[PDB]
């Protein structure tokens, strides 16, 4: 029955209002492969809103590995890994990821999102504590709410606040600190040296979500612990396959005892069907290419350094990024929606960040680089962004 349900959703008017104003630019229906240019409404659009940092979703070797796995294993495993849904190739990919991030063992999940839910829901319990950076990804927030522990946020990269909040807690309790490695929004890197120093002093477990780090920072792209040299101070390395690795799924890697506990207790791996064969093979083939072909990471960072320097030369107000995510401040929700839609209509795709996610005065567009971008495409996008920021009177 719909009376009270209709009341619950009655005040949600922003989408209605964006559509009526001709500003709506969510769920844009793309007609072609994710690439540096995409087809929308039959027209070519420069893509600066992707997470495919290495441009690998179009690599013919990765496509063919996925098509070969469909031929051999079919379209799905139709069960959780726990029961009838494990393939030899899942176990292969766990062993290859464990080697890549320097840990004993890994367990796959069918999404990155579910890879956070698993460890955060089942390791800390009643009378234990989870400590979260306040800017942590939604899936970390949600995973911790699925635990039976007390969840405490600390100020963004605020080591004095992390230390003070840990200091208040009973000695006779377990603690886990979970942090993004590279943070989605502003593209900044966690203070992993100080956070791990604090963790060692309080015997707190450390988990790092490397969704935006893997393929980006660390030796051969192995992520944030690899970037800092702190493999032996991080208990759990989480990743996704949907960004650099050009697929779908994710993992958590760690000590074999912890991982065996995880793979038999995490509801998000016991009660969810396993990754499709095509995505296992695509991830395996992408992981080989990231390591064997250093040019992809090389070219991502040349494009990042070039675009950041061009944006700063043209006087754009950038956030404190340390990654291929270039946050460009606009500081008005209305102007952020307008700029986003004007850029779309001029053939440039960027992602808006608006209230209520951020305060109006911190609203921005995110301009993300891929290895496969050209300096020409970058120059065309920044040319158009200068024109639209002028038209919009930012």
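Residue numbers count along the first chain shown, from 1.
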Q.
Per the record, averaged over C-alpha atoms, which has the higher B-factor: 206-214 or 294-302?
A. 294-302
Q.
Tell me which stretch, 82-90 or 163-171, has the higher mean Cα B-factor listed in the entry.
A. 163-171
Q.
Sorting 126, 135, 267, 103 by Cα temperature factor from the record, which one lands on top?
A. 126
Q. Which one, 249, 254, 315, 118, has the peak C-alpha temperature factor per the PDB entry?
A. 315
Q | Third of the chain, ranked by Cα B-factor, where residue 19 sits | A | lowest
Q) Taking the C-alpha B-factors as the PDB entry records them, is residue 48 in the lowest, middle or highest third of its chain? A) lowest
Q | CA B-factor placement of residue 145, once the chain's modelled residues are sorted into thirds | A | middle
**Q.** Lowest, middle or highest third - CA B-factor, residue 340
**A.** middle
Q) Compared with the other modelled residues in the chain, in which third is the CA B-factor of residue 272? A) lowest
